[PDB]
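Computed over heavy atoms, backbone and side chain alike; hydrogens, waters and symmetry mates excluded. Counting starts at 1 for both ligands and their atoms, in listed order. In what follows, residues are counted from 1 in the order of the sequence shown.
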Amino acid sequence: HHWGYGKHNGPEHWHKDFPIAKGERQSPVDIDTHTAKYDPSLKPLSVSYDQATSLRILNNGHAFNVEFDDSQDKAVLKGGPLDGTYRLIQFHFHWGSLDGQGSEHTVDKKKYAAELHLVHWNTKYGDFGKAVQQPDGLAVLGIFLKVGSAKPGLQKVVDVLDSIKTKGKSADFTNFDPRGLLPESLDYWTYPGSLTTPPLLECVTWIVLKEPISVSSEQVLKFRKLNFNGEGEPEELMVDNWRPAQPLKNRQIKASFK
Ligand SMILES: N#Cc1ccc(N(Cc2ccc(OS(N)(=O)=O)c(Br)c2)n2cnnc2)cc1
Ligand SMILES: [Zn+2]
Ligand SMILES: [Zn+2]
């Protein structure tokens, strides 16, 4: 009746409504460090988030998202395997029902507690809507979350979740600096892929950081208090909103580090 993450409308069923689910460059994938290829031609990532302007945070029934004002050439991502400039539009997370799972990408089959996705679109296409129709339209920066010490820059996000528990709930969320969610190193793996949720379009250049950020057990626990349902409907906790690894096919994962 609509896609979701349940047993009867989850990832395994998506191909019926979106045939591209069985495509040639689907994401996420397992990053095999035995086969990842170091490429000396890969340039360092250039992240310019000082002018980032957050607007609001909302629960859309798939996860929670923080939206940014991508009107001006404010926060942009460039460098790395990218040609041109990509503007930050929003970020969201994927997590599990327990600390042992939750990430979309995996490294040598290892799953992390959660995964953060910072979504950017190629300015040469004018807007996000036109960018998703192009093979090089989007660039998503993926960051793994491991459980350990708390991440100070994430607390503002965690504390506001109590106010957007159900689908449709939103809350003003201005002055949030995404630089507080980045790890020390920007070394990365990159490969051509797709959106991990329907419509599953193959328009993404994936940039997955090698270094995960540490978040406390208390912080991740708050993620699991959200609901997939809207206020008034049967309670269904928002957990395990991740897609399993897909076939690598004829693709090569490149590493920016030796
Ligand atoms: N049709 C359609 C459609 C679906 C989702 C969006 N996203 C949110 C969004 C959600 C998932 C996503 O893919 S992912 N998991 O980051 O790989 C990406 Br990439 C972007 N969105 C919302 N506002 N800016 C982007 C936009 C259009
Ligand atoms: Zn080996
Ligand atoms: Zn995502």
Check: With a cut-off of 2.8 Å, how many protein N, O or S atoms neighbour the Zn ion (ligand 2)?
Finding: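 Excluding waters, the total comes to 1.
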
Item checked: Set of residues that line ligand 1, where lining means a heavy atom lies under 4.0 Å from it ->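 Those residues closer than 4.0 Å to ligand 1 by some heavy atom are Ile89, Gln90, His92, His94, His117, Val119, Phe128, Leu138, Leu195, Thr196, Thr197, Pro199, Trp206.
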
Checklist line | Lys/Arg-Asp/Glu bridge criterion (N-O < 4.0 Å) met for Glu104, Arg243 | finding: no

Checklist line | Basic-acidic side-chain contact under 4.0 Å: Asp83, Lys43 | finding: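 Judged by the 4.0 Å cut-off on N to carboxylate O distance, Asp83 and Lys43 do not form a salt bridge.
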
Next item on the list: Check whether more than 12 heavy atoms from other residues, nucleotides or ligands sit under 6.0 Å from atom CG of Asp108, and answer yes or no.
Entry: yes

Item checked: Other residues, nucleotides, ligands: >12 heavy atoms within 6.0 Å of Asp162 CG ->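 No, CG of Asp162 has 12 or fewer neighbouring heavy atoms, counting only those of other groups under 6.0 Å.
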
Distance-only donor-acceptor check, side chains [X] and [Y], under 3.5 Å:
{"X": "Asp136", "Y": "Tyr86", "result": "no"}
{"X": "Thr166", "Y": "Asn227", "result": "no"}
{"X": "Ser185", "Y": "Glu211", "result": "no"}

Next item on the list: Show all protein N/O/S atoms under 2.8 Å from the Zn ion (ligand 3), or state that there are none.
Entry: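 Less than 2.8 Å away from the Zn ion (ligand 3) sit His92 NE2, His94 NE2, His117 ND1.
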
Item checked: Passing candidate, side chain to side chain donor-acceptor pair (under 3.5 Å) with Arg87, options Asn122, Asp73, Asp70 ->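 Answer to the side chain to side chain donor-acceptor pair (under 3.5 Å) test with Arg87 among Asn122, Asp73, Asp70: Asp73.
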
Next item on the list: Over all heavy atoms of both residues, which pair between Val147 and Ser216 is shortest? Give the atoms and the distance, please.
Entry: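 Smallest interatomic distance, heavy atoms only, reads CG1-C, 4.3 Å.
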
Notebook entry, point to check: Linking I/L/V/M/F/W/Y whenever their side-chain heavy atoms sit closer than 4.5 Å, directly or via other members, would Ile164 and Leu58 fall into one cluster?
Noted result: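 The answer is no; the residues belong to distinct hydrophobic clusters.
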
Margin query: With a 4.5 Å cut-off on side-chain heavy atoms, are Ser194 and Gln26 touching?
Written below: yes

Next item on the list: Show your reasoning for whether side-chain hydrogen bond (donor to acceptor under 3.5 Å, both in side chains) applies to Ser97 and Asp240.
Entry: CA-CA 6 Å; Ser97 49; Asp240 287 329; 2.8 Å; yes

Margin query: Suppose clustering is done on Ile, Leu, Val, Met, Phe, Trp and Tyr with side-chain heavy atoms closer than 4.5 Å. Which residues sit in the same group as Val132?
Written below: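 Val132 shares its hydrophobic cluster with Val29, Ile31, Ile89, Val107, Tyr112, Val119, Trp121, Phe128, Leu138, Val140, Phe144, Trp189, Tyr191, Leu195, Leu201, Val204, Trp206, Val208, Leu248, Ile253, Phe257.
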
